[PDB]
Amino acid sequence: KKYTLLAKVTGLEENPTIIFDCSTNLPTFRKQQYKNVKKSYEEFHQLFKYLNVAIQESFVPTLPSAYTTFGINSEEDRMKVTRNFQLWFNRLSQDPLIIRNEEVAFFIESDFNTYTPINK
């Protein structure tokens, strides 16, 4: 009965890339299954910055630390950062008012490294 947004962070690659699959039934999306979505950290910052000021009635989860995300040096670091982005996606998906915002869809569906908000 509920709208759902399920992200599975599958890996990472200045401006690191976060790789994830996405499953949703939200009518704001073009389709339902997305595989190997690639988003740069700066695109995440753009989405957070929009949501933080656009949805002030909700708590928008703070992004994983840029310092630790940009500072990956061990495979252990890589796993910890992967888990951090997984936790971020999980908390985002748990707010039904946030996932209804079409900027979430535009972020996920736009070309790698191109997302800035459509809405002002």
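The first residue of the shown sequence is 1; numbering continues from there.
Requested in this report: Classify the number of deposited-sequence residues missing from the model between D111 and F112: none, 1 to 3, 4 to 9, or 10 or more.
Outcome: Unresolved stretch here: none.
Query raised in the report: If you average the Cα B factors in the entry, which is higher, 58 to 66 or 90 to 98?
Result: Comparing averages over the C-alpha atoms only gives 90 to 98.
Query raised in the report: Mean C-alpha B factor from the entry: is it higher for 23 to 31 or for 72 to 80?
Result: Looking at the record's C-alpha B-factors, the answer is 72 to 80.
Query raised in the report: Looking at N36, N52, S40, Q46, which has the biggest Cα B factor in the entry?
Result: Top of the list by C-alpha B-factor: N36.
Query raised in the report: By its CA B factor, does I18 count among the lowest, middle or highest third of the modelled residues in the chain?
Result: According to the entry, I18 has a C-alpha B-factor in the chain's middle third.
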